[PDB]
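Coming up is one lone chain in structure tokens, specifically the form deposited in one PDB entry.
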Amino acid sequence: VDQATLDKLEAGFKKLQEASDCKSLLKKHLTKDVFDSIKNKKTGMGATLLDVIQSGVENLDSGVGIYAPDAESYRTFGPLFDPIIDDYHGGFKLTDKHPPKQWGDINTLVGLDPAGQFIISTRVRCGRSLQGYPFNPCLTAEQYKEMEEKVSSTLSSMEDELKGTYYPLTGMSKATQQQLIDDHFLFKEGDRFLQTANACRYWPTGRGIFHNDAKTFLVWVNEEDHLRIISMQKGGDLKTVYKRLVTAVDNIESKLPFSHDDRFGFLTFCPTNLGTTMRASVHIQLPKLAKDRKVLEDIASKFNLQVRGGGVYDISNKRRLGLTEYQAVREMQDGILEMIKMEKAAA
């Protein structure tokens, strides 16, 4: 790698070492021996260790502090990624492998709480990188532009329920921005952690937003990953929300191959994603379980779910690695149904 890069890498490692109060996974796992073993390495696309650790060096208060500049970096800088992934994901050994992709048997799924006594809204989100492209820290302007062209064409040719409009950030009117804001569909340049990761260069070339006419499907193009893909609606029909997502992702893939890894699953810009990259969530009211939160948390543990809170909660999959997409949606289905049962049964 270039001397200029080595210069900053050495300075960065020293800064991390000297930051007594730093608690980032970057500082924890970037040992001298690991640093030396990879600092001179570079991916086929030309990413260096600096393109991985920049953000965490500049922002010492980062929880994790590393990003992936391309697909290959997960391997090339594996000596750093492996331990960090293991730590953040709560146990993913060197020999562990994420299960092959599987949407599963959608027939086994059901709509939740149609009466609407508990669930306010439902959404399932995932993310995808496109085969053959570097990730955010390493994309050029030409690459951003060319990618958006292919993504825009693909999304704009979607039909029926998924039919909708693509809005490039490039040249977006003030009226359009305000309409997307009212819908909360708009995004903009990221915070300091993204900026310093070089994730927001050449803004807003290649950045765009797609949603279907029904406003139950939304795609962000080149915000954090190449694609952030969301299905949502009011009420608790998780089956329908999930099925819509599956339909759209399959449709996109048929035209644009995804970056996938036999061990880490779907490769993303942030290593905290990976695996299914999928987060199914419901916004739900459980007033009675709210006064005995232990019962709730124990239920959530049983199904590997995360509870964010009174009585109103955002409940979601805790895991991205080590399970199938099907297991993800089923655990939410099973877990929410159990919570509803215990809510009804409570005093």
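The numbering used is simple: start at 1 and walk along the sequence shown. So that the term is clear: the rigid core is the largest set of C-alpha atoms that superpose within 1.5 Å between two forms.
- According to the record, the deposited sequence contains no missing residues between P287 and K288, so the chain is continuous there.
- Across the two stretches, 274-282 and 52-60, the PDB entry reports the greater mean Cα temperature factor for 52-60.
- Per the PDB record, of the two stretches 152-160 and 112-120, 152-160 carries the greater mean B-factor over its C-alpha atoms.
- Across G265, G190, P79, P257, the greatest Cα temperature factor reported in the deposited entry is at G190.
- The entry lists C-alpha B-factors for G322, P69, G65, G311, and the highest of these is at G311.
- Ranked by C-alpha B-factor against the other modelled residues of its chain, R201 falls in the highest third.
- Ranked against the other modelled residues of its chain, the C-alpha B-factor of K93 as given in the entry falls in the highest third.
- Per the PDB record, residue ranking by Cα B-factor puts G132 in the highest third of the chain.
- When the CA B factors of the chain's modelled residues are split into thirds, the value for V295 lands in the highest one.
- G171 sits in the highest third of its chain by CA B factor, as recorded in the PDB entry.
Below, we refer to the form deposited in another entry, which is not included among the displayed structures.
- In the core-aligned comparison between this form and the one not shown, the C-alpha of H89 is the only one from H211, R201, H89, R263 that shifts by 2 Å or more.
- If you fit the rigid core between this form and the one not shown, you'll see the Cα of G132 move by less than 2 angstroms.
- In this overlay on the rigid core, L112 has a C-alpha that sits 2 Å or more away from its partner position between this form and the one not shown.
- The Cα shift for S153 between this form and the one not shown, taken after rigid core superposition, is smaller than 2 angstroms.
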